[PDB]
2 protein chains.
Amino acid sequence: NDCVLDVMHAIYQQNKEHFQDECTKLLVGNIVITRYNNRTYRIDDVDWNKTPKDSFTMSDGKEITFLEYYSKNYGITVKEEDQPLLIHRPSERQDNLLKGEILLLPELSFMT
Amino acid sequence: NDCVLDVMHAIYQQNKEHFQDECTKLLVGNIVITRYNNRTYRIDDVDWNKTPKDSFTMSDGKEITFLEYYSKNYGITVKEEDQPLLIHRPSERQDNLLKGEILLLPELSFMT
């Protein structure tokens with residue numbers, strides 16, 4: 001009775017979740033080094049909904065894509081424009097938002 | 001020592017294979033009905049490398065995308081342009097290529 005594509009979408013969705021939950025389990029906790037900046041950071045999560053194509057707001061509100069950010073700042077051309085972002089959450093970020101989240105590219109990050 | 005994106009690609013690849021091998025197991029063997037043509041066919045495989053955006057060659061060699069095919073022939077607008085194709089292989093196709101493979105869209109196919 002059902003549409004093949006709908007059946008396929010449901011199987012896809014279960015497998016996507018498995019993959020994302022497998023990556024996070026494996027990566028969350030580790031520290032990475034930037035080849036250009038040689039600075040270290042802990043991986044606290046993965047933003048599966050963000051990509052280097054996306055923009056972030058600077059201090060005065062100016063928007064820049066991560067592609068434009070890495071090219072203008074380091075002379076780095078990001079090859080994989082569809083990769084997710086690695087999140088590093090700071091230790092004094094809210095009260096009852098006091099600090100923003102740090103965002104690294106898997107392409108420029110090295111395990112250890 | 002490794003790049004996070006490379007590690008992620010390897011996990012992605014294992015999960016993609018699992019998904020594709022799960023879909024094929026579930027679908028191969030079943031017969032589907034086209035809402036526009038009301039004709040039936042057995043699913044013999046799934047072409048994961050083809051999409052409705054892709055083209056097929058007609059008898060005299062004229063190329064047409066499946067998008068243009070369904071719109072010009074049935075007045076059907078294909079909504080999901082990234083879906084794979086369902087394969088139906090015929091029973092007198094080669095000797096020692098005598099017949100081509102049949103190709104259906106999951107979006108226009110109904111299980112039974």
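All Cβ positions, even for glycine, are placed from backbone atoms using ideal geometry, and neighbour counts span all protein chains on display. Bear in mind these aren't lab numbers, they're just calculated from the coordinates by the rules spelled out.
In table form, for the structure just shown:
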{"quantity": "Cα centroid of the range B:34-112 to Cα centroid of the range A:48-110, whole Å", "calculated": "42 Å"}
{"quantity": "Cα-based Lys proximity count in chain B, under 26 Å, for pairs eight or more positions apart or on separate chains", "calculated": "20"}
{"quantity": "Other copies of A:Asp45: label-to-label distances in nm, shortest first, labels 7 Å along the beta-carbon direction", "calculated": "4.3"}
{"quantity": "Exam field: B:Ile64 pseudo-label spacings to other copies (7 Å along Cα-Cβ), nanometres", "calculated": "5.1"}
{"quantity": "Rough spin-label spacing in nm, given labels placed 7 Å along Cα→Cβ, for A:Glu101 and A:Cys3", "calculated": "3.2 nm"}
{"quantity": "Shielding by other protein chains, B:73-85, mean Cβ within 10 Å", "calculated": "1"}
{"quantity": "Long-range amide H partners of A:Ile76 with built H, under 5 Å", "calculated": "A:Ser71"}
{"quantity": "Across the identical copies, how the A:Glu80 labels are spaced - nm, sorted shortest first, 7 Å along Cα→Cβ", "calculated": "2.6"}
{"quantity": "Order by protection proxy (mean Cβ within 10 Å, highest first), peptides B:57-63, A:64-70", "calculated": "A:64-70, B:57-63"}
{"quantity": "Signed unit charges on C-beta, dipole axis of chain A, positive-most listed residue A:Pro106, A:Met8, A:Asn73", "calculated": "A:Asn73"}
{"quantity": "Chain A, rotation onto B, residue closest to that axis via Cβ, with its distance in Å", "calculated": "A:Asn15, 3"}
{"quantity": "J(HN,Hα) series, the range B:72-79, from Karplus relation 6.51 cos²θ - 1.76 cosθ + 1.60, nearest Hz, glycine and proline x", "calculated": "5, 8, 10, x, 9, 9, 6, 6"}
{"quantity": "Estimated FRET transfer efficiency when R0 is 35 angstrom, pair B:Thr77-A:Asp21 (beta carbons, to 0.05)", "calculated": "0.45"}
{"quantity": "Shielding by partners - mean other protein chain Cβ count within 10 Å, residues of B:5-15", "calculated": "5"}
{"quantity": "Residues of the range A:25-54 with amide N under 16 Å of a point placed 7 Å along Cα→Cβ from B:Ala10", "calculated": "A:25-28"}
{"quantity": "Three semi-axes of the equivalent ellipsoid, chain B, Cα gyration tensor, whole Å, largest first", "calculated": "29, 18, 17"}
{"quantity": "Charge context of B:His88, other residues only, Cβ under 10 angstrom, K/R +1, D/E -1", "calculated": "-1"}
{"quantity": "Under 5 Å, built H, 5+ apart or other chain: amide partners of A:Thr34", "calculated": "A:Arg39"}
{"quantity": "At 1.306 mPa s and 10 °C, Stokes diffusion of the protein assembly as shown via Kirkwood alpha-carbon radius, µm² per second", "calculated": "75 µm²/s"}
{"quantity": "Distant-in-sequence amide H partners of A:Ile64 (H built 1.01 Å from N, under 5 Å)", "calculated": "A:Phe56, A:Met58"}
{"quantity": "Estimated [θ] at 222 nm from DSSP helical runs (n ≥ 4, -39500 (n - 2.57)) normalised by residues in chain A, nearest 500", "calculated": "-10000 deg cm²/dmol"}
{"quantity": "From phi via Karplus (6.51, -1.76, 1.60), per-residue ³J(HN,Hα) for the range B:55-63 in Hz, x at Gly/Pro", "calculated": "10, 10, 8, 8, 3, 8, x, 4, 9"}
{"quantity": "Averaged over A:16-29, number of beta-carbon atoms from partner chains that fall within 10 Å", "calculated": "3"}
{"quantity": "Overall form of the range B:15-81 per C-alpha gyration tensor (a/c, 1.5; a/b vs b/c)", "calculated": "prolate"}
